[PDB]
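Quick look at data-v4.txt (compact mmCIF, C-alpha atoms and all ligand atoms):
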```txt
# COMPACT_ATOMS: atom_id res chain seq x y z
CA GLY T 3 11.26 -24.22 10.75
CA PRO T 4 10.44 -21.99 7.74
CA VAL T 5 12.91 -21.34 4.92
CA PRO T 6 14.25 -17.74 4.93
CA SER T 7 13.68 -15.13 2.23
CA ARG T 8 15.38 -11.94 1.00
CA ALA T 9 14.00 -9.14 -1.16
CA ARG T 10 15.17 -9.52 -4.79
CA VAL T 11 15.69 -5.76 -5.03
CA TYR T 12 16.84 -3.02 -2.68
CA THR T 13 17.88 -5.82 -0.33
CA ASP T 14 20.61 -4.00 1.59
CA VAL T 15 19.61 -0.35 1.08
CA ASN T 16 19.32 0.22 4.85
CA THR T 17 22.44 -1.76 5.76
CA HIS T 18 24.42 0.81 3.65
CA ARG T 19 22.71 3.90 5.22
CA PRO T 20 23.93 5.45 8.46
CA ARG T 21 22.23 3.85 11.48
CA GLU T 22 20.21 7.00 12.19
CA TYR T 23 18.31 6.63 8.84
CA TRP T 24 16.44 3.51 9.99
CA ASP T 25 16.99 3.47 13.76
CA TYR T 26 13.74 5.32 14.48
CA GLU T 27 13.77 4.53 18.22
CA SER T 28 16.64 7.10 18.47
CA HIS T 29 14.83 9.78 16.49
CA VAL T 30 14.19 13.14 18.22
CA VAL T 31 10.95 14.66 16.95
CA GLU T 32 11.20 18.29 15.72
CA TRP T 33 8.09 20.08 17.17
CA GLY T 34 6.54 23.05 15.45
CA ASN T 35 4.20 25.67 16.90
CA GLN T 36 0.63 24.44 17.50
CA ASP T 37 -0.76 27.98 17.39
CA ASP T 38 0.11 28.19 13.71
CA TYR T 39 -2.94 26.00 12.86
CA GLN T 40 -6.66 26.40 13.39
CA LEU T 41 -8.94 23.40 12.77
CA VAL T 42 -11.78 23.96 10.24
CA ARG T 43 -13.74 20.66 10.18
CA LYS T 44 -13.58 16.98 10.96
CA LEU T 45 -12.76 14.72 7.96
CA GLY T 46 -13.09 11.39 9.71
CA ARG T 47 -11.49 8.82 12.06
CA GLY T 48 -8.59 6.35 11.51
CA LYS T 49 -7.60 3.35 13.73
CA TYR T 50 -5.45 5.56 16.08
CA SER T 51 -6.36 9.18 15.03
CA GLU T 52 -9.07 11.73 14.03
CA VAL T 53 -8.37 13.79 10.87
CA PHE T 54 -9.24 17.46 10.40
CA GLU T 55 -8.96 20.08 7.72
CA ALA T 56 -7.15 23.12 9.07
CA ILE T 57 -5.59 26.40 8.06
CA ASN T 58 -2.02 27.50 8.69
CA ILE T 59 -2.74 31.05 9.87
CA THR T 60 0.98 31.96 9.16
CA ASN T 61 0.64 31.52 5.41
CA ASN T 62 -3.15 30.84 4.73
CA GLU T 63 -2.33 27.24 3.54
CA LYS T 64 -5.07 24.53 3.75
CA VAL T 65 -3.53 21.51 5.55
CA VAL T 66 -4.66 18.18 7.00
CA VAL T 67 -4.08 17.43 10.72
CA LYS T 68 -3.95 13.87 12.03
CA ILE T 69 -4.33 14.09 15.84
CA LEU T 70 -2.94 10.83 17.31
CA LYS T 71 -4.92 8.71 19.80
CA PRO T 72 -2.52 7.00 22.29
CA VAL T 73 0.25 5.05 20.41
CA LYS T 74 3.76 4.03 21.63
CA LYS T 75 6.54 6.73 21.12
CA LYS T 76 8.44 4.38 18.78
CA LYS T 77 5.44 3.92 16.40
CA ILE T 78 5.02 7.72 16.08
CA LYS T 79 8.80 8.09 15.59
CA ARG T 80 8.70 5.39 12.86
CA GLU T 81 5.99 7.18 10.85
CA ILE T 82 7.73 10.59 11.27
CA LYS T 83 11.14 9.22 10.27
CA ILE T 84 9.71 7.47 7.20
CA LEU T 85 7.80 10.60 6.11
CA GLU T 86 10.96 12.70 6.54
CA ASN T 87 13.15 10.17 4.67
CA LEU T 88 10.66 10.01 1.76
CA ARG T 89 9.78 13.74 1.63
CA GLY T 90 10.08 15.09 -1.92
CA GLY T 91 9.73 11.64 -3.44
CA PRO T 92 7.30 11.18 -6.34
CA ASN T 93 3.67 11.22 -5.22
CA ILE T 94 4.61 10.77 -1.54
CA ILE T 95 2.45 12.87 0.85
CA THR T 96 4.42 15.73 2.39
CA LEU T 97 4.60 15.87 6.16
CA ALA T 98 4.59 19.65 6.74
CA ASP T 99 4.77 19.88 10.57
CA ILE T 100 4.49 18.02 13.85
CA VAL T 101 2.74 19.78 16.78
CA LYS T 102 1.58 19.03 20.30
CA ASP T 103 -1.00 20.25 22.84
CA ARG T 107 -0.52 16.41 25.52
CA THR T 108 -1.34 14.85 22.12
CA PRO T 109 0.90 14.76 19.04
CA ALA T 110 -0.60 15.89 15.71
CA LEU T 111 0.94 15.38 12.25
CA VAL T 112 0.30 18.11 9.70
CA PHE T 113 0.16 17.09 6.02
CA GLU T 114 -0.19 18.67 2.57
CA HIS T 115 -3.94 18.89 1.63
CA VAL T 116 -5.10 16.93 -1.47
CA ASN T 117 -8.52 17.96 -2.83
CA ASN T 118 -9.52 14.24 -2.98
CA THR T 119 -12.38 13.19 -5.40
CA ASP T 120 -14.82 10.74 -3.61
CA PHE T 121 -13.44 7.20 -3.88
CA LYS T 122 -17.02 5.79 -4.24
CA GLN T 123 -17.77 8.29 -7.07
CA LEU T 124 -14.45 8.95 -8.84
CA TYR T 125 -13.64 5.26 -9.41
CA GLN T 126 -16.97 4.74 -11.32
CA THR T 127 -16.00 7.54 -13.82
CA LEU T 128 -12.40 6.32 -14.55
CA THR T 129 -11.56 5.40 -18.12
CA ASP T 130 -9.07 2.75 -19.27
CA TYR T 131 -6.46 5.51 -19.67
CA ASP T 132 -7.17 6.96 -16.23
CA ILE T 133 -6.58 3.58 -14.54
CA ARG T 134 -3.28 3.07 -16.38
CA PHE T 135 -2.19 6.64 -15.55
CA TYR T 136 -3.02 6.51 -11.83
CA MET T 137 -1.56 2.95 -11.52
CA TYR T 138 1.72 4.31 -13.03
CA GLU T 139 1.67 7.25 -10.51
CA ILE T 140 1.23 4.77 -7.57
CA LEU T 141 4.11 2.67 -8.97
CA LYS T 142 6.38 5.73 -8.96
CA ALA T 143 5.64 6.20 -5.22
CA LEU T 144 6.16 2.48 -4.44
CA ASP T 145 9.41 2.18 -6.44
CA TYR T 146 10.62 5.27 -4.60
CA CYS T 147 9.73 4.12 -1.09
CA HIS T 148 11.02 0.59 -1.77
CA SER T 149 14.27 2.04 -3.19
CA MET T 150 14.50 4.04 0.08
CA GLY T 151 14.22 0.84 2.14
CA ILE T 152 10.56 1.30 3.20
CA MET T 153 7.51 -1.00 2.87
CA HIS T 154 4.15 0.83 2.96
CA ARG T 155 2.24 -2.30 4.13
CA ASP T 156 -1.16 -0.61 3.82
CA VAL T 157 -1.74 0.12 0.12
CA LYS T 158 -5.50 0.43 -0.52
CA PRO T 159 -7.90 2.93 -2.18
CA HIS T 160 -8.47 4.95 1.00
CA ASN T 161 -4.72 5.63 1.21
CA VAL T 162 -4.42 6.95 -2.38
CA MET T 163 -5.62 10.60 -2.54
CA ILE T 164 -6.54 11.69 -6.13
CA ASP T 165 -7.30 15.31 -7.09
CA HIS T 166 -8.73 14.23 -10.44
CA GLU T 167 -9.05 17.76 -11.99
CA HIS T 168 -5.32 18.24 -11.52
CA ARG T 169 -4.34 14.60 -12.29
CA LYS T 170 -2.64 14.68 -8.89
CA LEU T 171 -2.08 11.56 -6.77
CA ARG T 172 -0.53 11.09 -3.33
CA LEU T 173 0.14 7.91 -1.35
CA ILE T 174 -0.82 8.67 2.29
CA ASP T 175 -0.99 7.06 5.75
CA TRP T 176 2.50 5.73 6.37
CA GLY T 177 1.46 4.77 9.94
CA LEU T 178 1.94 1.03 9.21
CA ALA T 179 5.12 1.38 7.10
CA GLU T 180 8.40 -0.24 8.18
CA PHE T 181 12.06 -0.36 7.15
CA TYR T 182 13.15 -3.54 5.29
CA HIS T 183 16.11 -5.33 6.85
CA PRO T 184 17.10 -8.76 5.46
CA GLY T 185 16.24 -11.52 7.93
CA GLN T 186 13.75 -9.51 9.97
CA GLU T 187 10.53 -11.30 11.04
CA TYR T 188 7.74 -8.68 10.63
CA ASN T 189 4.30 -8.50 12.20
CA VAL T 190 1.78 -10.26 9.90
CA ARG T 191 -1.15 -8.37 11.55
CA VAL T 192 -1.05 -5.53 9.01
CA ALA T 193 -3.18 -4.21 6.17
CA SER T 194 -6.90 -4.32 5.54
CA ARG T 195 -8.42 -7.85 5.25
CA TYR T 196 -9.18 -7.66 1.53
CA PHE T 197 -5.64 -6.49 0.66
CA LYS T 198 -3.64 -8.84 2.88
CA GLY T 199 -1.02 -10.84 1.00
CA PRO T 200 -0.92 -14.64 1.26
CA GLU T 201 2.31 -14.29 3.29
CA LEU T 202 0.35 -12.51 6.02
CA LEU T 203 -2.55 -14.99 5.93
CA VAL T 204 -0.24 -18.06 6.29
CA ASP T 205 1.89 -16.26 9.00
CA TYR T 206 5.15 -16.04 6.93
CA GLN T 207 6.99 -13.27 8.77
CA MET T 208 10.11 -12.74 6.57
CA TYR T 209 8.23 -10.70 3.95
CA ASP T 210 9.42 -7.60 2.03
CA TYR T 211 8.46 -4.81 -0.43
CA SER T 212 6.61 -7.43 -2.51
CA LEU T 213 3.69 -7.27 -0.02
CA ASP T 214 2.82 -3.85 -1.48
CA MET T 215 2.69 -5.37 -4.99
CA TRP T 216 0.01 -7.88 -3.91
CA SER T 217 -2.06 -5.03 -2.41
CA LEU T 218 -1.61 -3.07 -5.64
CA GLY T 219 -2.80 -6.08 -7.67
CA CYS T 220 -5.92 -6.24 -5.49
CA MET T 221 -6.57 -2.57 -6.31
CA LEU T 222 -6.03 -3.12 -10.04
CA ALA T 223 -8.43 -6.10 -10.09
CA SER T 224 -11.18 -4.19 -8.26
CA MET T 225 -10.76 -1.20 -10.71
CA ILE T 226 -10.68 -3.10 -14.10
CA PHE T 227 -13.37 -5.58 -13.04
CA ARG T 228 -15.54 -3.11 -11.05
CA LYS T 229 -15.59 -5.48 -8.10
CA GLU T 230 -14.81 -3.89 -4.74
CA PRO T 231 -13.44 -5.70 -2.85
CA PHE T 232 -12.10 -8.25 -5.34
CA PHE T 233 -11.20 -10.93 -2.75
CA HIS T 234 -14.13 -10.60 -0.29
CA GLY T 235 -13.27 -12.73 2.74
CA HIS T 236 -15.44 -13.17 5.84
CA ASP T 237 -12.37 -13.17 8.08
CA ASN T 238 -8.61 -13.75 7.70
CA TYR T 239 -9.07 -17.51 7.17
CA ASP T 240 -11.85 -17.14 4.60
CA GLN T 241 -9.74 -14.42 2.94
CA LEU T 242 -7.16 -17.06 1.95
CA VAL T 243 -10.02 -19.31 0.76
CA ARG T 244 -11.33 -16.53 -1.49
CA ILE T 245 -7.84 -16.08 -2.99
CA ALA T 246 -7.47 -19.87 -3.44
CA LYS T 247 -10.78 -20.09 -5.34
CA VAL T 248 -9.21 -17.79 -7.97
CA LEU T 249 -5.44 -18.50 -7.98
CA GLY T 250 -6.05 -22.20 -7.25
CA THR T 251 -4.90 -24.45 -4.42
CA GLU T 252 -2.05 -26.24 -6.34
CA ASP T 253 0.13 -23.05 -6.41
CA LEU T 254 -0.78 -22.26 -2.77
CA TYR T 255 0.40 -25.64 -1.49
CA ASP T 256 3.52 -25.33 -3.77
CA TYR T 257 4.34 -21.98 -1.97
CA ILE T 258 3.76 -23.53 1.47
CA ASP T 259 6.05 -26.44 0.57
CA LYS T 260 8.81 -24.21 -0.85
CA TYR T 261 9.05 -22.12 2.33
CA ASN T 262 8.29 -25.03 4.72
CA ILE T 263 5.44 -23.02 6.16
CA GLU T 264 3.40 -24.56 8.98
CA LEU T 265 -0.20 -24.07 8.04
CA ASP T 266 -2.72 -23.56 10.83
CA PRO T 267 -4.65 -26.90 11.15
CA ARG T 268 -7.89 -24.83 10.85
CA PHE T 269 -7.04 -24.08 7.23
CA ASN T 270 -6.85 -27.76 6.37
CA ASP T 271 -10.57 -28.29 6.55
CA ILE T 272 -11.43 -25.05 4.63
CA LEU T 273 -8.99 -24.52 1.64
CA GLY T 274 -10.19 -27.61 -0.24
CA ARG T 275 -9.21 -28.14 -3.88
CA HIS T 276 -9.70 -25.35 -6.42
CA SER T 277 -8.65 -24.95 -10.02
CA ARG T 278 -6.82 -21.80 -11.12
CA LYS T 279 -9.48 -19.63 -12.85
CA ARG T 280 -9.09 -17.65 -15.99
CA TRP T 281 -9.59 -13.90 -15.62
CA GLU T 282 -12.36 -14.01 -18.22
CA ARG T 283 -14.97 -15.14 -15.69
CA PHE T 284 -14.70 -11.61 -14.12
CA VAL T 285 -15.34 -9.72 -17.44
CA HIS T 286 -18.86 -8.49 -18.24
CA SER T 287 -20.56 -5.83 -20.46
CA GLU T 288 -20.13 -3.22 -17.62
CA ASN T 289 -16.31 -3.57 -17.30
CA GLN T 290 -15.05 -4.87 -20.68
CA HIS T 291 -13.96 -1.38 -21.74
CA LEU T 292 -11.40 -1.45 -18.85
CA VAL T 293 -10.10 -4.98 -19.50
CA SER T 294 -7.39 -5.79 -22.07
CA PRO T 295 -4.88 -8.56 -22.64
CA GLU T 296 -2.27 -6.16 -21.27
CA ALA T 297 -4.25 -5.46 -18.11
CA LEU T 298 -4.75 -9.19 -17.45
CA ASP T 299 -1.09 -10.06 -18.14
CA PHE T 300 0.02 -7.33 -15.73
CA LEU T 301 -2.50 -8.36 -13.06
CA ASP T 302 -1.46 -12.11 -13.32
CA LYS T 303 2.19 -11.21 -12.54
CA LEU T 304 1.26 -9.16 -9.42
CA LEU T 305 -1.26 -11.62 -7.93
CA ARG T 306 1.17 -14.53 -7.08
CA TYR T 307 1.31 -16.51 -3.78
CA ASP T 308 5.11 -16.56 -4.01
CA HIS T 309 6.23 -13.06 -3.01
CA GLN T 310 9.61 -13.60 -4.78
CA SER T 311 7.83 -14.21 -8.16
CA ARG T 312 5.72 -10.97 -8.15
CA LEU T 313 6.77 -8.03 -10.29
CA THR T 314 8.82 -5.36 -8.58
CA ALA T 315 7.49 -1.80 -8.79
CA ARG T 316 10.25 -0.99 -11.32
CA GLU T 317 9.48 -4.12 -13.43
CA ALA T 318 5.74 -3.30 -13.34
CA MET T 319 6.50 0.20 -14.75
CA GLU T 320 7.98 -1.51 -17.89
CA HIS T 321 4.84 -3.56 -18.63
CA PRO T 322 3.04 -3.05 -22.00
CA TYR T 323 -0.07 -1.96 -20.02
CA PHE T 324 1.71 1.39 -19.50
CA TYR T 325 3.28 1.95 -22.98
CA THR T 326 0.79 4.77 -23.97
CA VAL T 327 1.13 6.47 -20.52
CA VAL T 328 4.96 6.38 -20.67
CA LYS T 329 4.99 7.89 -24.16
CA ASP T 330 2.56 10.69 -23.09
CA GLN T 331 4.84 11.61 -20.18
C1 LIG T 401 -3.65 11.39 7.49
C2 LIG T 401 -3.69 9.89 7.48
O1 LIG T 401 -2.68 9.22 7.31
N1 LIG T 401 -4.89 9.35 7.78
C3 LIG T 401 -6.17 9.63 7.25
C4 LIG T 401 -7.21 8.93 7.86
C5 LIG T 401 -8.52 9.29 7.63
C6 LIG T 401 -8.83 10.33 6.75
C7 LIG T 401 -10.04 10.97 6.33
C8 LIG T 401 -9.71 11.93 5.45
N2 LIG T 401 -8.34 11.96 5.26
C9 LIG T 401 -7.65 12.80 4.34
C10 LIG T 401 -8.38 13.59 3.41
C11 LIG T 401 -7.74 14.39 2.49
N3 LIG T 401 -8.27 15.36 1.71
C12 LIG T 401 -9.60 15.95 1.87
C13 LIG T 401 -10.46 16.12 0.68
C14 LIG T 401 -10.79 15.10 1.71
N4 LIG T 401 -6.37 14.34 2.57
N5 LIG T 401 -5.52 15.05 1.76
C15 LIG T 401 -4.32 14.73 2.19
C16 LIG T 401 -4.34 13.82 3.26
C17 LIG T 401 -3.24 13.24 3.97
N6 LIG T 401 -2.33 12.80 4.51
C18 LIG T 401 -5.69 13.57 3.49
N7 LIG T 401 -6.32 12.80 4.39
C19 LIG T 401 -7.77 10.98 6.08
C20 LIG T 401 -6.44 10.63 6.31
```
Turn the structure described in the file into C-alpha cells.
Amino acid sequence: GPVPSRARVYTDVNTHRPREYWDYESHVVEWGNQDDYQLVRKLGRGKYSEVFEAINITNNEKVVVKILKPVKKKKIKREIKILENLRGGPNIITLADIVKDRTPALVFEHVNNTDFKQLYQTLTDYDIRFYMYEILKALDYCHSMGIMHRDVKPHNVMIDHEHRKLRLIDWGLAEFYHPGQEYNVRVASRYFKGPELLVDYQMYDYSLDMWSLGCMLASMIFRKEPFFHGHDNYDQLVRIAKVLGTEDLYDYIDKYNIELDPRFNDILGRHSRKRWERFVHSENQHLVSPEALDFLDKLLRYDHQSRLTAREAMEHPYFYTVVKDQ
C-alpha cells in the first residue's frame, strides 16, 4: 500500500480543539429570517447553487445569496461550520446569515468584484504581488484553523480593485485536516488539481492549496490562462509533466509507493524539466522577475511535503516591497 503522510504545519490543530469545532455532522444550523432579504438579480450558477444579489431590507445592506440545489445535510453543515470558524479571519468572506424557504440559502458579504477577464489584464507587477500576499493571509489563516480550501482558483477570489479589497470565497469544497485521513481526490477544477489528486494519493493536506495558488501565479505572471491546460484528468498530469519533468514525478510516486493507473503508463512518456524562461515573452516580461520565478518553483512541486507553506511563502523576497508598504 501507499506510504502515509502528515502535514508539516498545523498538523494537530483540530485534535487539540473541542470535538464540536470539527465534528460538523453534529452542528445545528442557526436559521435567520428569510423575509429580511429581497433578491435583486441573478449573478450566475455554481455546481450546486444559483447566486443572486439581494438587499437586506432591515438595514439596506447589499448582500449575496447562494440558494443551494439539493446537497446532503452534512455537506451544508461542513460549509457553514467552516465559515463560522473562520469568520473575522483576514480576507475570508463573511457568512452573514442562513435562511430557508424548503431550500437553504447562505447569505454573504457583497464584494464589488472587478471582471476576472478584464481586471487581470490591467494588473501590474506590484498588483500581483499585493493580491498574492492577501490570498496568502487567507490561506495561512484557514490552514492555521485546521481547514483546507481545496478549490483555490480565480473565480473564488473576489477583488474590489478600487478599494484594494480581496476575499477568498466558496468554501463549499473545504474540509478539516485530520492526520491520517484519506480525502476525496475528486475536488478542484481540472487546471488547478494537484498531482496528489491526479495520481489518487488520498492522504493530502493544506499543501494542496499551495499547488492551486502556484497555478494562479503562473497564469498571472505569464498571461497564460489556464497555465496547465489538460484535456481531461489524465492529460492534466501529462501537461504538468511536460513542464516539471517526468523524473521528479516518478521519484514522488516511488517515495509514496503510489500505484499509478496503468493508463498513465502509455501517456506520461519522458520529459525534461523545463526552465521558466520558455514562458516569458514581450507581452509578460514586465510581470516576470527572478523573485517571481523562484517563488513559483517552490510552490509547483509534485511532492506536497516540499512545497512552501503559506507562512513560508509570505517570507519570500517576491513580497519584500509589499511587506514594507504594509
Ligand atoms: C457564493 C459562492 O460561494 N458561490 C458563487 C458562485 C457563483 C457566483 C457568481 C457570482 N458570485 C459572486 C459575486 C460577487 N460579487 C458581485 C460583483 C459580482 N460576490 N461577492 C461576494 C461573493 C461571495 N461569497 C460573491 N459571489 C458567485 C459566487
For this session: Show me which residues sit within 8 Å of ligand LIG 401 (chain T) when counting all atoms listed in the file, and put them as a ChimeraX atom specification.
Result: /T:45-48,51-55,65-68,95-97,111-120,160-161,163,172,174-177
Seminar exercise, completed: Among T:246, T:56, T:220, T:137, residue 110 in chain T is approached most closely, using all atoms listed in the file, by T:56
Problem set entry | Pick from T:196, T:138, T:131, T:281, whichever lies nearest to residue 231 in chain T using only C-alpha atoms |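 Going through T:196, T:138, T:131, T:281 one by one, the smallest distance to residue 231 in chain T is for T:196.
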Exercise. Residue 12 in chain T: which residues within 7 Å, counting all atoms listed in the file, same-chain residues fewer than 3 positions away excluded, as a PyMOL selection string?
Worked result: chain T and resi 9+15+148-149+151
Exercise. Suppose you want the space between CA of residue 325 in chain T and CA of residue 298 in chain T; what is it in Å?
Worked result: 14.8 Å
For this session: Calculate how many Å separate CA of residue 198 in chain T from CA of residue 242 in chain T, rounding to one decimal.
Result: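 Those two atoms sit 9.0 Å apart.
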For this session: May I ask which of the residues T:214, T:247, T:22, T:271 is the closest one to residue 87 in chain T, counting all atoms listed in the file?
Result: T:22
For this session: Between T:238, T:289, T:129, T:311, single out the one closest to residue 216 in chain T, counting all atoms listed in the file.
Result: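 Going through T:238, T:289, T:129, T:311 one by one, the smallest distance to residue 216 in chain T is for T:311.
Nearest to residue 84 in chain T of all the residues T:33, T:228, T:179, T:221 is T:179, counting only C-alpha atoms.
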For this session: Tell me which of T:205, T:259, T:253, T:130 sits closest to residue 323 in chain T, counting only C-alpha atoms.
Result: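 Of all the options, T:130 lies closest to residue 323 in chain T.
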Can you list every residue of range 3-43 of chain T that has an atom at most 10 Å from range 60-63 of chain T, with its nearest atom pair and the distance in Å to one decimal, using all atoms listed in the file, ordered by chain then number, as a tab-separated table?
```
residue	atom	partner	partner_atom	distance
T:37	CA	T:60	CA	9.3
T:38	CA	T:60	CA	6.0
T:39	CA	T:60	CA	8.0
```
Seminar exercise, completed: Computed gap from CA of residue 57 in chain T to CA of residue 40 in chain T is 5.4 Å
For this session: Name all residues at most 9 Å from residue 313 in chain T (count only C-alpha atoms; drop same-chain ones fewer than 2 positions away) and give them as a PyMOL selection string.
Result: chain T and resi 212+215+300+303-304+309-311+315-318
Exercise. At most 8 Å from (6.3, 12.8, -9.6), file frame, only C-alpha atoms: which residues, as an MDAnalysis selection string?
Worked result: chainID T and resid 91:93 139 142:143
For this session: Extract, using only C-alpha atoms, all DNA, RNA and protein residues at most 9 Å from residue 269 in chain T, discarding same-chain residues fewer than 3 positions from it, and format them as a PyMOL selection string.
Result: chain T and resi 239-240+242-243+265-266+272-274
Problem set entry | Contacts of residue 75 in chain T within 12 Å, all atoms listed in the file, excl. fewer than 3 positions in-chain, as a VMD selection string | chain T and resid 26 to 31 70 to 72 78 to 82 108 to 109
